[PDB]
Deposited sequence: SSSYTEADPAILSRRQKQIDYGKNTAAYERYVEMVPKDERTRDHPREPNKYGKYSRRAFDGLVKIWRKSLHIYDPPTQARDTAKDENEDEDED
């Protein structure tokens, strides 16, 4: 119950997926939230012990959730 991912391979791939998400306009238009809840869209911990599907699963849900953030 305490793990930090070391594999540079895994961390890059995961960073990329995250970087993608921040590069969206929805994330830009998320200057309207003070660190908040879990009902919000929070980027997955890249350092978390996660399975491949698990992390990808989270990321999918992350990006979708983002889209609540622009008309």
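- When the deposited sequence is numbered from 1, the segments without any C-alpha atom are 1, 37 to 39, 76 to 93.
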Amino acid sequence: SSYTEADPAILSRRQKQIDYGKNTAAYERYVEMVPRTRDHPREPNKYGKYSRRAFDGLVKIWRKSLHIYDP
From here on, numbers count along this sequence of modelled residues.
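- Averaged over Cα atoms, the B-factor as recorded in the entry is higher for 21 to 29 than for the other of 58 to 66 and 21 to 29.
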